[PDB]
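This document starts with one chain, in the form deposited without the named molecule, laid out as structure tokens.
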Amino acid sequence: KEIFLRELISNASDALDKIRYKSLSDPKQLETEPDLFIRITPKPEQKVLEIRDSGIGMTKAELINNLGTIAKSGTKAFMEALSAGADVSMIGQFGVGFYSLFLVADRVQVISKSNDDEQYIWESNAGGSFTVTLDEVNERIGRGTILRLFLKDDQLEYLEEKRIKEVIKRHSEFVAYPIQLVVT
């Protein structure tokens, strides 16, 4: 809801904190994409909510190993147990991280570019299995990640521009980076 949107933004900011961290050891790490931001792009025609951040990103190996493990461990039974009982929360106490995305979306794509690798696309349909492929279809990003949620039919309110603007309006004081919204 509004809390979920807020959590997604706070979650995106972690990737920005991490690239800034690497930056303390090697300034070059930040230089590939000096613009630090969080940008939300509703795409109602596709029933897709997109959140991009210019954080540290993930390499192919990190996509397969980390997200691959999340998808594999996220069996139909597990998600079922998660569904109802605790509802949501991605971050904070009683947060379930990436799994909560599967509660709002049936398909999830993670486009990612790390300074140490090329641009790739990770994807999974309600967990179970996942894929990773070299990106030859989306926009090229300097660094970071585009998390693309294909919203479930009963959760389309996440595409509402007015709702999103009110969220970023009162949450941009809890995040150290600008939160931008793409208005279509």
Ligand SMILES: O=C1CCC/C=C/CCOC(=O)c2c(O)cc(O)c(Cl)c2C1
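One-based numbering along the sequence shown. If you superpose the two forms and keep the largest set of C-alpha atoms that fall within 1.5 Å, you have the rigid core.
Keep in mind that the form deposited with the named molecule bound is not shown, yet the notes after this line are about it.
- Contact with the named molecule in the deposited bound form, judged as any non-hydrogen atom within 4.5 angstroms, is confined among 22-30, 57-65, 133-141, 154-162 to 57-65.
- Proximity of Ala15 to the named molecule in the deposited bound form: non-hydrogen atoms within 4.5 Å are present.
- The shortest heavy atom separation between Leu8 and the named molecule in the deposited bound form is within 4.5 Å.
- The shortest heavy atom separation between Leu49 and the named molecule in the deposited bound form exceeds 4.5 Å.
- For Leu147, a non-hydrogen atom is located within 4.5 Å of the named molecule in the deposited bound form, even though that partner is not displayed.
- The partner is not shown here, but in the deposited bound form the stretch 98-120 reaches within 4.5 angstroms of the named molecule through a heavy atom at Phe98 alone.
- A movement of the C-alpha atom of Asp17 falling short of 2 angstroms is seen between the shown form and the other one when the two forms are aligned on their rigid core.
- For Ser89, a C-alpha deviation of 2 angstroms or more is recorded between the shown form and the other one after rigid-core alignment.
- Shown in the overlay between the shown form and the other one, fitted on the rigid core, is a CA shift at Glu166 of 2 Å or greater.
- Cα of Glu45 to Cα of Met90: at least 3 Å longer in the deposited bound form than in the shown structure.
- Between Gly95 and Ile19, the Cα spacing is smaller in the deposited bound form than in the shown form, differing by no less than 3 Å.
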